[PDB]
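K.L.:
fold the following, please.
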Amino acid sequence: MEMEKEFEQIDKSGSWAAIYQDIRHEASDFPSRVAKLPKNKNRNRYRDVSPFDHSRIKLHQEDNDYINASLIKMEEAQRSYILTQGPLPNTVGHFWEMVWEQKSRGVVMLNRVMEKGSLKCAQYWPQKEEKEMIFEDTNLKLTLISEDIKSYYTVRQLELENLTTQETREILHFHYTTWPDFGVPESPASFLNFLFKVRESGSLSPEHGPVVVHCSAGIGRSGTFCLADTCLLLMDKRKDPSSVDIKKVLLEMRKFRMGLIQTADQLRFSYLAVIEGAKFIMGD
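P.N.:
Residues are numbered from 1 along each chain as shown. Sure, the structure comes next:
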């Protein structure tokens, strides 16, 4: 069923809450035993948001390999993503260790450091060129190279140096700065423009490691970003674009990380973003 007609059907009958609860009921339940070990309590922001064991990213260290991060591997679309929580004061070094070890080119951030009067993630990158950051627990140095502030997003160029080997790499930081404190955006236009800027940079392409994407918990706004990107790519690849079923794509992604898409409003907004984005994919 053409999702555009499915959309109007759900909208007129006002059944978004019902559709969303059906997804919650059918979603996968896999173990997350490593996340729940006592030694990892201060590595998790939220007690009820954990990576599954089978898809969790492992740090390359013998001490403690745990980070709250998951590999989402989309086989038909030929895209992979790492979805993670916003870094905590005690996990900023682990976060950049992961970026290095996984050979990522881009980091996508969908939250502000403070929202609703409370801290949603650590200030984990430098704000001035001349004030670099050193992460002594993981032996990395991080420098701000340039910053481009736009009305709806900011793009930063960063240098990450492995201090053990003195290799360096350029990392791109794509920061969507205008998601509202409550609810979802009225129009998907600025979010789609942002997605296309991430695509244009190479950060999602197979010559690099998976993009790292986060918000506060790494499941809501972050799920919206990867769901929209994968659905648009599938409509480009298939003979019949109307065969792309957003609910089936979402359930496939939920095999790899729990809780993706946190509200019925985020589900509706994901539909709207794919519907409006297709009017470029299909040749306009």
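K.L.:
what about residue 53, how many residues close to it?
P.N.:
Taking other CB atoms under 10 Å as the criterion, the count of residues near residue 53 is 12. Placement of C-beta: from N, CA and C, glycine included.
K.L.:
same question but for residue 246, I mixed them up
P.N.:
Here the count is done by other CB under 10 Å, and residue 246 has 22 residues near it.
K.L.:
ok, it - contacts?
P.N.:
Residues in contact with residue 246, defined by CB atoms under 8 Å, 6 or more residues apart in numbering, are 3, 227, 231, 270, 271, 274.
K.L.:
got it, and residue 247?
P.N.:
With contacts defined as CB under 8 Å, 6+ apart, residue 247 is in contact with 19, 23.
K.L.:
swap in residue 112?
P.N.:
When contacts are counted by CB under 8 Å, 6+ apart, residue 112 is found next to 120, 177.
K.L.:
SS state for it?
P.N.:
For residue 112, the secondary structure call by DSSP: H, G, I helix; E, B strand; the rest coil comes out as coil.
K.L.:
relative to residue 219, how far out is it?
P.N.:
Residue 112 sits 17 Å away from residue 219, going by CB to CB, to the nearest Å.
K.L.:
still on that earlier bit, any quick PyMOL command for the buried ones out of the contacts of residue 246?
P.N.:
If you want just the buried ones from those in PyMOL, going by 16 or more other CB atoms under 10 Å, the selection is:
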select buried, resi 3+227+231+270+271+274
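K.L.:
out of the contacts of residue 246, which comes closest to residue 44?
P.N.:
Residue 44 lies nearest to residue 227 out of these, by CB to CB, at 23.5 Å.
K.L.:
that older thread, kindly reformat the contacts of residue 246 as TSV and extend each row with secondary structure and distance to residue 181.
P.N.:
Output for these, formatted as TSV (DSSP: H, G, I helix; E, B strand; the rest coil; distance: CB to CB, whole Å):
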residue	secondary structure	distance to residue 181
3	helix	29
227	helix	22
231	helix	27
270	helix	19
271	helix	22
274	helix	24
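K.L.:
spatially, which two of the contacts of residue 246 are the most separated?
P.N.:
When the contacts of residue 246 are compared pair by pair using CB to CB, the farthest-apart members prove to be 3 and 227, with a separation of 12.2 Å.
K.L.:
how about the helices of this structure, start to end?
P.N.:
For the chain, applying DSSP state H gives helices covering 3-12, 16-26, 92-101, 189-200, 221-237, 246-253, 264-281.
K.L.:
so which of these is nearest residue 34?
P.N.:
With CB to CB, the closest approach to residue 34 among the helices of the chain belongs to helix 92-101: 13.8 Å.
K.L.:
just the CA trace of the closest one, in PDB.
P.N.:
Only the C-alpha atoms of helix 92-101 are listed here, as PDB (Å, rounded to 0.1, in the frame of the first residue of the first chain):
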ATOM      1  CA  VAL A  92      33.600  10.700  26.600                       C
ATOM      2  CA  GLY A  93      37.000   8.900  26.200                       C
ATOM      3  CA  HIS A  94      35.200   5.600  25.300                       C
ATOM      4  CA  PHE A  95      33.000   7.400  22.700                       C
ATOM      5  CA  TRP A  96      36.000   8.700  20.800                       C
ATOM      6  CA  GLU A  97      37.800   5.300  21.200                       C
ATOM      7  CA  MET A  98      34.800   3.800  19.400                       C
ATOM      8  CA  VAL A  99      34.900   6.400  16.600                       C
ATOM      9  CA  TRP A 100      38.600   5.700  16.000                       C
ATOM     10  CA  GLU A 101      38.300   1.800  16.200                       C
END
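K.L.:
all set now, cheers.
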